[PDB]
Each structure stands twice: as C-alpha cells, then as structure tokens.
Amino acid sequence: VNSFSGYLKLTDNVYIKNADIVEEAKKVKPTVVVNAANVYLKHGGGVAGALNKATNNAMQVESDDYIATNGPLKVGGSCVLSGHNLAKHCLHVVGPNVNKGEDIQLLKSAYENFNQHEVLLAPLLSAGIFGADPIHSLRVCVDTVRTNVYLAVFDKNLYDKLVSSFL
Ligand SMILES: CC1(C)C[C@@H](CO)N(c2ncnc3[nH]ccc23)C1
C-alpha cells in the first residue's frame with residue numbers, strides 16, 4: 001500500500017493519471033521520481049525544467065557536479081541523484097530525442113532503467129520536446145517496465161486519448 005491517489009490502473013504494474021508530475025511529487029514525496037533528462041542534465045524546460053525549478057535550482061547544481069565528474073549520460077541511460085524536496089531520489093532517464101535523429105528503439109532501453117526500482121513516479125519518456133508519439137511511448141512503457149510505475153500525464157486531451165486508445 002502506497003500514498004498515490006486517484007490513479008487509473010492500466011495493467012498489473014502500470015497506473016496512469018492526468019496530473020503534473022511536479023505536483024504529484026510535492027504531495028506524495030515518493031521514493032523515486034523520474035526526470036525526463038537530456039544527456040547533459042541541462043534541466044531547461046518540460047518535466048526537467050519544472051522539477052528543477054521546484055528544487056530552487058538545487059537539482060541543476062547537483063547535476064552540474066555530476067557531469068563535471070562523470071561526463072554525459074548515454075541516450076537510453078540514467079543516473080540516480082537526490083530527489084531534493086520532491087522525493088528521496090531522482091532517477092534521471094534519457095529517452096531518444098527524435099528531433100535530433102536519435103533512434104526510437106532507444107526508448108525501450110530508457111524504460112529498462114525503471115526496472116531497477118520497485119516503485120516509481122514517472123512521466124512519459126521521449127514524448128515532449130523529444131518529438132516522439134505518446135501512444136507509442138505508453139505501449140513501450142507497459143511492455144518494458146515490470147516494477148510498479150505511476151505515470152503522471154500533464155495534458156488532459158492526451159490522457160483521454162491514451163486511455164481510450166490503450167490496448
Ligand atoms: C507536456 C510535456 C512536454 C510532455 C510531458 C512528458 O511526457 N510533460 C510533463 N508530464 C508530466 N508532468 C509534467 N510537469 C511539467 C511538465 C510535465 C511535459
């Protein structure tokens with residue numbers, strides 16, 4: 001039993017809600033919140049910019065030290081950093097950016113990172129400015145993640161479409 005509220009169950013292990021991941025994190029304070037990061041951990045906009053803003057830029061400061069030490073992440077890769085005031089941990093996951101020509105097949109690799117954590121609050125990956133189709137991303141999530149994932153979908157129209165088209 002966890003403190004997530006009002007989620008629609010999609011499968012044995014996937015739950016979905018029309019919600020802002022930042023507001024969900026502030027309310028629930030989950031063990032793990034997923035960021036839809038880029039390889040540079042430059043948290044400018046979307047999920048990343050909004051999460052970072054909610055940490056008063058502490059996420060960016062921590063991330064810049066991480067990159068200075070370790071270099072960029074791989075597309076499809078991840079790192080675990082602090083969740084600051086939003087969660088215990090933040091799993092920064094890089095999905096492919098289709099507007100950069102990156103391979104959509106790497107979206108499955110990106111979601112595989114979720115399997116290292118028993119429970120996560122997460123956004124849809126690659127489906128923002130990264131240009132991928134959100135229907136496909138949800139299908140990949142469901143077919144890849146085996147741990148318990150609570151998906152926060154920002155756009156109401158998209159949420160309705162994802163639910164009504166979910167197979
Ligand atoms: C609509 C997007 C460009 C795509 C989507 C991630 O696929 N995203 C968000 N999803 C959930 N909570 C969110 N808070 C702030 C942004 C945000 C931004």
# chains A, B, ... in the order shown; residues from 1 in each chain; ligands from 1
>>> closest_atom_pairs(of="chain A", to="ligand 1", cutoff="6 Å", atoms="only C-alpha atoms and all ligand atoms", output="JSON lines")
{"residue": "A:20", "atom": "CA", "partner": "ligand 1", "partner_atom_place_in_ligand_line": "12 (N)", "distance": 3.7}
{"residue": "A:21", "atom": "CA", "partner": "ligand 1", "partner_atom_place_in_ligand_line": "12 (N)", "distance": 3.7}
{"residue": "A:22", "atom": "CA", "partner": "ligand 1", "partner_atom_place_in_ligand_line": "14 (N)", "distance": 5.4}
{"residue": "A:46", "atom": "CA", "partner": "ligand 1", "partner_atom_place_in_ligand_line": "16 (C)", "distance": 4.3}
{"residue": "A:47", "atom": "CA", "partner": "ligand 1", "partner_atom_place_in_ligand_line": "16 (C)", "distance": 3.9}
{"residue": "A:50", "atom": "CA", "partner": "ligand 1", "partner_atom_place_in_ligand_line": "15 (C)", "distance": 5.4}
{"residue": "A:123", "atom": "CA", "partner": "ligand 1", "partner_atom_place_in_ligand_line": "10 (N)", "distance": 5.0}
{"residue": "A:124", "atom": "CA", "partner": "ligand 1", "partner_atom_place_in_ligand_line": "7 (O)", "distance": 4.0}
{"residue": "A:125", "atom": "CA", "partner": "ligand 1", "partner_atom_place_in_ligand_line": "7 (O)", "distance": 5.3}
{"residue": "A:127", "atom": "CA", "partner": "ligand 1", "partner_atom_place_in_ligand_line": "7 (O)", "distance": 4.7}
{"residue": "A:128", "atom": "CA", "partner": "ligand 1", "partner_atom_place_in_ligand_line": "3 (C)", "distance": 3.6}
{"residue": "A:129", "atom": "CA", "partner": "ligand 1", "partner_atom_place_in_ligand_line": "3 (C)", "distance": 5.7}
{"residue": "A:152", "atom": "CA", "partner": "ligand 1", "partner_atom_place_in_ligand_line": "11 (C)", "distance": 5.1}
{"residue": "A:153", "atom": "CA", "partner": "ligand 1", "partner_atom_place_in_ligand_line": "11 (C)", "distance": 4.7}
{"residue": "A:154", "atom": "CA", "partner": "ligand 1", "partner_atom_place_in_ligand_line": "11 (C)", "distance": 4.2}
{"residue": "A:155", "atom": "CA", "partner": "ligand 1", "partner_atom_place_in_ligand_line": "1 (C)", "distance": 5.9}
>>> residues_around(residues="residue 83 in chain A", least_positions_apart="6", cutoff="10 Å", atoms="only C-alpha atoms", output="count of residues only")
16
>>> residues_around(residues="residue 6 in chain A", least_positions_apart="6", cutoff="10 Å", atoms="only C-alpha atoms", output="PyMOL selection string")
chain A and resi 15-18
>>> residues_around(residues="residue 28 in chain A", least_positions_apart="4", cutoff="8 Å", atoms="only C-alpha atoms", output="JSON, numbers by chain")
{"A": [3, 4, 24]}
>>> select_by_dssp(residues="range 55-167 of chain A", states="helix (DSSP H, G or I)", output="MDAnalysis selection string")
chainID A and resid 58:70 98:100 106:116 134:144 156:165
>>> closest_residue(among="A:77, A:10, A:84, A:48", to="residue 151 in chain A", atoms="only C-alpha atoms")
A:10
>>> select_by_dssp(residues="range 3-149 of chain A", states="strand (DSSP E)", output="list in words")
residues 8, 9, 14, 15, 16, 17, 18, 32, 33, 34, 35, 36, 78, 79, 80, 81, 82, 89, 90, 91, 92, 93, 119, 120, 121, 122, 148 and 149 of chain A
>>> write_last_selection(atoms="N, CA and C atoms", output="mmCIF file, in the first residue's frame")
data_model
loop_
_atom_site.group_PDB
_atom_site.id
_atom_site.type_symbol
_atom_site.label_atom_id
_atom_site.label_comp_id
_atom_site.auth_asym_id
_atom_site.auth_seq_id
_atom_site.Cartn_x
_atom_site.Cartn_y
_atom_site.Cartn_z
ATOM 1 N N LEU A 8 -5.669 5.583 -12.279
ATOM 2 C CA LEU A 8 -6.333 4.540 -13.046
ATOM 3 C C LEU A 8 -5.349 3.397 -13.265
ATOM 4 N N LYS A 9 -5.755 2.185 -12.908
ATOM 5 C CA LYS A 9 -4.927 1.014 -13.150
ATOM 6 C C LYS A 9 -5.007 0.633 -14.626
ATOM 7 N N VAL A 14 1.191 -1.007 -14.024
ATOM 8 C CA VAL A 14 1.217 0.352 -14.560
ATOM 9 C C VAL A 14 -0.081 1.065 -14.200
ATOM 10 N N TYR A 15 0.064 2.288 -13.692
ATOM 11 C CA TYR A 15 -1.017 3.155 -13.251
ATOM 12 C C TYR A 15 -0.827 4.518 -13.906
ATOM 13 N N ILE A 16 -1.930 5.196 -14.250
ATOM 14 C CA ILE A 16 -1.850 6.447 -15.004
ATOM 15 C C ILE A 16 -2.848 7.469 -14.472
ATOM 16 N N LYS A 17 -2.483 8.749 -14.581
ATOM 17 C CA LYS A 17 -3.306 9.842 -14.078
ATOM 18 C C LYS A 17 -3.006 11.099 -14.883
ATOM 19 N N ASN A 18 -4.034 11.914 -15.110
ATOM 20 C CA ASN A 18 -3.842 13.240 -15.692
ATOM 21 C C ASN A 18 -3.378 14.160 -14.568
ATOM 22 N N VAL A 32 11.111 7.429 -5.443
ATOM 23 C CA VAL A 32 11.780 7.739 -6.701
ATOM 24 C C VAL A 32 10.839 8.542 -7.583
ATOM 25 N N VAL A 33 11.321 9.688 -8.056
ATOM 26 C CA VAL A 33 10.695 10.429 -9.142
ATOM 27 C C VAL A 33 11.628 10.351 -10.343
ATOM 28 N N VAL A 34 11.057 10.093 -11.513
ATOM 29 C CA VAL A 34 11.816 10.042 -12.751
ATOM 30 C C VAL A 34 11.815 11.411 -13.417
ATOM 31 N N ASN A 35 13.001 11.867 -13.833
ATOM 32 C CA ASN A 35 13.137 13.032 -14.694
ATOM 33 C C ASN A 35 13.368 12.594 -16.136
ATOM 34 N N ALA A 36 12.693 13.276 -17.065
ATOM 35 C CA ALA A 36 12.932 13.116 -18.500
ATOM 36 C C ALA A 36 14.089 14.031 -18.891
ATOM 37 N N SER A 78 20.759 6.357 -17.645
ATOM 38 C CA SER A 78 20.209 7.005 -16.466
ATOM 39 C C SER A 78 21.282 7.178 -15.402
ATOM 40 N N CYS A 79 20.959 8.019 -14.419
ATOM 41 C CA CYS A 79 21.716 8.068 -13.178
ATOM 42 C C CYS A 79 20.759 8.376 -12.037
ATOM 43 N N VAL A 80 21.128 7.929 -10.836
ATOM 44 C CA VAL A 80 20.384 8.212 -9.616
ATOM 45 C C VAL A 80 21.052 9.366 -8.889
ATOM 46 N N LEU A 81 20.292 10.429 -8.648
ATOM 47 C CA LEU A 81 20.741 11.571 -7.870
ATOM 48 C C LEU A 81 19.711 11.850 -6.781
ATOM 49 N N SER A 82 19.927 12.920 -6.021
ATOM 50 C CA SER A 82 18.991 13.258 -4.961
ATOM 51 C C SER A 82 17.634 13.673 -5.526
ATOM 52 N N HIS A 89 14.855 10.116 -4.050
ATOM 53 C CA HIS A 89 15.794 10.045 -5.154
ATOM 54 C C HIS A 89 15.135 10.553 -6.423
ATOM 55 N N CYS A 90 15.965 11.033 -7.346
ATOM 56 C CA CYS A 90 15.545 11.313 -8.710
ATOM 57 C C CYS A 90 16.327 10.413 -9.656
ATOM 58 N N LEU A 91 15.603 9.611 -10.429
ATOM 59 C CA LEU A 91 16.188 8.814 -11.498
ATOM 60 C C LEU A 91 16.114 9.638 -12.778
ATOM 61 N N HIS A 92 17.258 10.173 -13.213
ATOM 62 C CA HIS A 92 17.333 10.939 -14.452
ATOM 63 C C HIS A 92 17.484 9.963 -15.604
ATOM 64 N N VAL A 93 16.498 9.914 -16.499
ATOM 65 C CA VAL A 93 16.473 8.947 -17.594
ATOM 66 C C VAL A 93 16.442 9.702 -18.910
ATOM 67 N N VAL A 119 9.262 0.884 -7.105
ATOM 68 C CA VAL A 119 8.124 1.782 -7.294
ATOM 69 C C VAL A 119 8.654 3.130 -7.774
ATOM 70 N N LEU A 120 8.009 3.709 -8.789
ATOM 71 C CA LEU A 120 8.434 4.999 -9.327
ATOM 72 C C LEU A 120 7.230 5.851 -9.693
ATOM 73 N N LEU A 121 7.383 7.167 -9.513
ATOM 74 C CA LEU A 121 6.533 8.181 -10.135
ATOM 75 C C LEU A 121 7.269 8.678 -11.369
ATOM 76 N N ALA A 122 6.606 8.693 -12.526
ATOM 77 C CA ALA A 122 7.333 8.923 -13.769
ATOM 78 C C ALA A 122 6.475 9.670 -14.781
ATOM 79 N N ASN A 148 6.539 -1.301 -10.337
ATOM 80 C CA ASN A 148 5.293 -0.548 -10.204
ATOM 81 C C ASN A 148 5.526 0.908 -10.574
ATOM 82 N N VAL A 149 4.881 1.355 -11.646
ATOM 83 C CA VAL A 149 5.102 2.686 -12.185
ATOM 84 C C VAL A 149 3.792 3.462 -12.198
#
>>> residues_around(residues="residue 76 in chain A", least_positions_apart="2", cutoff="10 Å", atoms="only C-alpha atoms", output="list in words")
residues 38, 39, 73, 74, 78, 93, 94, 95, 96, 103, 104, 105, 106, 107, 108, 109, 110, 111, 112 and 113 of chain A
>>> write_last_selection(atoms="N, CA and C atoms", output="compact mmCIF listing (two decimals), in the first residue's frame")
# COMPACT_ATOMS: atom_id res chain seq x y z
N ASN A 38 18.00 15.18 -20.53
CA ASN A 38 18.89 15.05 -21.67
C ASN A 38 20.27 14.59 -21.19
N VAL A 39 21.14 14.26 -22.14
CA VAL A 39 22.43 13.65 -21.79
C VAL A 39 23.32 14.59 -20.99
N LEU A 73 25.53 11.44 -19.86
CA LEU A 73 24.86 10.16 -19.92
C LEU A 73 24.75 9.69 -21.37
N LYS A 74 24.46 8.40 -21.52
CA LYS A 74 24.12 7.84 -22.82
C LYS A 74 22.64 8.06 -23.09
N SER A 78 20.76 6.36 -17.65
CA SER A 78 20.21 7.01 -16.47
C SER A 78 21.28 7.18 -15.40
N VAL A 93 16.50 9.91 -16.50
CA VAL A 93 16.47 8.95 -17.59
C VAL A 93 16.44 9.70 -18.91
N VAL A 94 17.30 9.31 -19.85
CA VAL A 94 17.38 9.96 -21.16
C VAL A 94 16.71 9.07 -22.20
N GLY A 95 15.54 9.48 -22.68
CA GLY A 95 14.96 8.88 -23.86
C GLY A 95 15.54 9.50 -25.11
N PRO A 96 15.39 8.82 -26.25
CA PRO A 96 15.87 9.39 -27.51
C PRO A 96 15.09 10.64 -27.90
N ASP A 103 17.60 7.23 -32.25
CA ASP A 103 16.87 6.00 -32.58
C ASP A 103 15.73 5.77 -31.59
N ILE A 104 14.50 5.71 -32.11
CA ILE A 104 13.34 5.47 -31.26
C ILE A 104 13.46 4.16 -30.51
N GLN A 105 14.21 3.19 -31.06
CA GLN A 105 14.40 1.92 -30.36
C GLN A 105 15.04 2.13 -28.99
N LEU A 106 15.78 3.22 -28.82
CA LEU A 106 16.39 3.51 -27.53
C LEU A 106 15.36 3.87 -26.47
N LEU A 107 14.09 4.08 -26.85
CA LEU A 107 13.09 4.32 -25.82
C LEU A 107 12.89 3.09 -24.94
N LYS A 108 12.97 1.89 -25.52
CA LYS A 108 12.86 0.69 -24.69
C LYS A 108 14.01 0.62 -23.70
N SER A 109 15.24 0.90 -24.16
CA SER A 109 16.38 0.91 -23.26
C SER A 109 16.18 1.91 -22.13
N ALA A 110 15.63 3.08 -22.45
CA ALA A 110 15.37 4.10 -21.44
C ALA A 110 14.43 3.56 -20.36
N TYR A 111 13.31 2.96 -20.78
CA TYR A 111 12.36 2.43 -19.80
C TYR A 111 12.94 1.27 -18.99
N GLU A 112 13.90 0.51 -19.55
CA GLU A 112 14.50 -0.59 -18.80
C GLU A 112 15.12 -0.10 -17.49
N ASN A 113 15.58 1.16 -17.45
CA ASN A 113 16.15 1.68 -16.21
C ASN A 113 15.15 1.65 -15.07
>>> closest_residue(among="A:157, A:164, A:43, A:68", to="residue 19 in chain A", atoms="only C-alpha atoms")
A:157
>>> atom_distance(atom1="CA of residue 115 in chain A", atom2="CA of residue 146 in chain A")
6.1 Å
>>> atom_distance(atom1="CA of residue 60 in chain A", atom2="CA of residue 26 in chain A")
17.8 Å
>>> residues_around(residues="residue 165 in chain A", least_positions_apart="6", cutoff="12 Å", atoms="only C-alpha atoms", output="list in words")
residues 10, 134, 135, 136, 138, 139, 158 and 159 of chain A
>>> write_last_selection(atoms="N, CA and C atoms", output="short mmCIF file (atom, residue, chain, number, x, y, z; two decimals), in the first residue's frame")
data_model
loop_
_atom_site.label_atom_id
_atom_site.label_comp_id
_atom_site.auth_asym_id
_atom_site.auth_seq_id
_atom_site.Cartn_x
_atom_site.Cartn_y
_atom_site.Cartn_z
N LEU A 10 -3.85 0.47 -15.27
CA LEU A 10 -3.80 0.05 -16.67
C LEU A 10 -3.48 -1.43 -16.85
N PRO A 134 3.25 9.93 -28.09
CA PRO A 134 2.97 9.44 -26.73
C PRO A 134 2.26 8.09 -26.69
N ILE A 135 1.43 7.77 -27.68
CA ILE A 135 0.80 6.45 -27.73
C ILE A 135 1.85 5.35 -27.76
N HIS A 136 2.84 5.50 -28.63
CA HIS A 136 3.92 4.52 -28.71
C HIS A 136 4.70 4.45 -27.40
N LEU A 138 3.71 5.03 -24.33
CA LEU A 138 2.96 4.30 -23.31
C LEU A 138 3.02 2.80 -23.58
N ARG A 139 2.86 2.40 -24.84
CA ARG A 139 2.97 0.99 -25.20
C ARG A 139 4.33 0.43 -24.81
N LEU A 158 -4.41 14.58 -24.10
CA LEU A 158 -3.56 13.43 -24.35
C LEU A 158 -3.93 12.27 -23.44
N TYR A 159 -4.10 12.54 -22.15
CA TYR A 159 -4.51 11.50 -21.21
C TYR A 159 -5.77 10.78 -21.69
#
>>> atom_distance(atom1="CA of residue 101 in chain A", atom2="CA of residue 131 in chain A")
10.0 Å
>>> decode(residues="range 72-104 of chain A", atoms="N, CA and C atoms", output="mmCIF file, in the first residue's frame")
data_model
loop_
_atom_site.group_PDB
_atom_site.id
_atom_site.type_symbol
_atom_site.label_atom_id
_atom_site.label_comp_id
_atom_site.auth_asym_id
_atom_site.auth_seq_id
_atom_site.Cartn_x
_atom_site.Cartn_y
_atom_site.Cartn_z
ATOM 1 N N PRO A 72 28.756 13.125 -19.854
ATOM 2 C CA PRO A 72 27.338 12.984 -20.189
ATOM 3 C C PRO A 72 26.837 11.550 -20.078
ATOM 4 N N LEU A 73 25.530 11.441 -19.857
ATOM 5 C CA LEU A 73 24.856 10.156 -19.920
ATOM 6 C C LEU A 73 24.745 9.690 -21.368
ATOM 7 N N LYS A 74 24.463 8.398 -21.522
ATOM 8 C CA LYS A 74 24.124 7.838 -22.823
ATOM 9 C C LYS A 74 22.637 8.055 -23.095
ATOM 10 N N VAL A 75 22.293 8.253 -24.366
ATOM 11 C CA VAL A 75 20.890 8.152 -24.740
ATOM 12 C C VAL A 75 20.426 6.739 -24.412
ATOM 13 N N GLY A 76 19.304 6.629 -23.694
ATOM 14 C CA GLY A 76 18.827 5.360 -23.180
ATOM 15 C C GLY A 76 19.315 5.051 -21.778
ATOM 16 N N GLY A 77 20.235 5.861 -21.243
ATOM 17 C CA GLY A 77 20.815 5.634 -19.938
ATOM 18 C C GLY A 77 20.178 6.469 -18.840
ATOM 19 N N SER A 78 20.759 6.357 -17.645
ATOM 20 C CA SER A 78 20.209 7.005 -16.466
ATOM 21 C C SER A 78 21.282 7.178 -15.402
ATOM 22 N N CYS A 79 20.959 8.019 -14.419
ATOM 23 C CA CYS A 79 21.716 8.068 -13.178
ATOM 24 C C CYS A 79 20.759 8.376 -12.037
ATOM 25 N N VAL A 80 21.128 7.929 -10.836
ATOM 26 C CA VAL A 80 20.384 8.212 -9.616
ATOM 27 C C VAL A 80 21.052 9.366 -8.889
ATOM 28 N N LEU A 81 20.292 10.429 -8.648
ATOM 29 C CA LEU A 81 20.741 11.571 -7.870
ATOM 30 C C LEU A 81 19.711 11.850 -6.781
ATOM 31 N N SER A 82 19.927 12.920 -6.021
ATOM 32 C CA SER A 82 18.991 13.258 -4.961
ATOM 33 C C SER A 82 17.634 13.673 -5.526
ATOM 34 N N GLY A 83 16.579 13.387 -4.768
ATOM 35 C CA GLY A 83 15.266 13.920 -5.059
ATOM 36 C C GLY A 83 14.974 15.251 -4.405
ATOM 37 N N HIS A 84 15.919 15.793 -3.642
ATOM 38 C CA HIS A 84 15.799 17.125 -3.036
ATOM 39 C C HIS A 84 14.516 17.181 -2.215
ATOM 40 N N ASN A 85 13.700 18.220 -2.359
ATOM 41 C CA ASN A 85 12.473 18.390 -1.604
ATOM 42 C C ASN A 85 11.279 17.700 -2.250
ATOM 43 N N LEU A 86 11.489 16.941 -3.327
ATOM 44 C CA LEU A 86 10.391 16.344 -4.079
ATOM 45 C C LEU A 86 10.251 14.838 -3.900
ATOM 46 N N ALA A 87 11.318 14.146 -3.520
ATOM 47 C CA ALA A 87 11.359 12.692 -3.473
ATOM 48 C C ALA A 87 12.652 12.316 -2.778
ATOM 49 N N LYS A 88 12.760 11.063 -2.347
ATOM 50 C CA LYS A 88 14.044 10.622 -1.813
ATOM 51 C C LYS A 88 15.127 10.706 -2.886
ATOM 52 N N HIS A 89 14.855 10.116 -4.050
ATOM 53 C CA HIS A 89 15.794 10.045 -5.154
ATOM 54 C C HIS A 89 15.135 10.553 -6.423
ATOM 55 N N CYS A 90 15.965 11.033 -7.346
ATOM 56 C CA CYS A 90 15.545 11.313 -8.710
ATOM 57 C C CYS A 90 16.327 10.413 -9.656
ATOM 58 N N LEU A 91 15.603 9.611 -10.429
ATOM 59 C CA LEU A 91 16.188 8.814 -11.498
ATOM 60 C C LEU A 91 16.114 9.638 -12.778
ATOM 61 N N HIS A 92 17.258 10.173 -13.213
ATOM 62 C CA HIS A 92 17.333 10.939 -14.452
ATOM 63 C C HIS A 92 17.484 9.963 -15.604
ATOM 64 N N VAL A 93 16.498 9.914 -16.499
ATOM 65 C CA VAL A 93 16.473 8.947 -17.594
ATOM 66 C C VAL A 93 16.442 9.702 -18.910
ATOM 67 N N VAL A 94 17.302 9.313 -19.849
ATOM 68 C CA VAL A 94 17.378 9.957 -21.157
ATOM 69 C C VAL A 94 16.714 9.067 -22.200
ATOM 70 N N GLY A 95 15.543 9.476 -22.680
ATOM 71 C CA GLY A 95 14.963 8.878 -23.856
ATOM 72 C C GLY A 95 15.540 9.497 -25.113
ATOM 73 N N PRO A 96 15.391 8.818 -26.249
ATOM 74 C CA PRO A 96 15.869 9.387 -27.515
ATOM 75 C C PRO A 96 15.085 10.637 -27.896
ATOM 76 N N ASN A 97 15.797 11.600 -28.469
ATOM 77 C CA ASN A 97 15.197 12.824 -28.991
ATOM 78 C C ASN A 97 15.056 12.636 -30.497
ATOM 79 N N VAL A 98 13.825 12.388 -30.945
ATOM 80 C CA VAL A 98 13.591 12.124 -32.361
ATOM 81 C C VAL A 98 13.885 13.357 -33.209
ATOM 82 N N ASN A 99 13.767 14.554 -32.636
ATOM 83 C CA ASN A 99 14.124 15.754 -33.379
ATOM 84 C C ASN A 99 15.629 15.921 -33.535
ATOM 85 N N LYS A 100 16.431 15.126 -32.823
ATOM 86 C CA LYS A 100 17.873 15.050 -33.026
ATOM 87 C C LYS A 100 18.274 13.860 -33.894
ATOM 88 N N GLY A 101 17.312 13.119 -34.434
ATOM 89 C CA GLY A 101 17.631 11.939 -35.214
ATOM 90 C C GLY A 101 17.983 10.712 -34.402
ATOM 91 N N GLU A 102 17.704 10.714 -33.105
ATOM 92 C CA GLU A 102 18.074 9.597 -32.248
ATOM 93 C C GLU A 102 17.081 8.445 -32.398
ATOM 94 N N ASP A 103 17.603 7.227 -32.250
ATOM 95 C CA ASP A 103 16.873 6.005 -32.576
ATOM 96 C C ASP A 103 15.731 5.775 -31.591
ATOM 97 N N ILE A 104 14.502 5.708 -32.108
ATOM 98 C CA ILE A 104 13.339 5.475 -31.256
ATOM 99 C C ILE A 104 13.457 4.157 -30.507
#
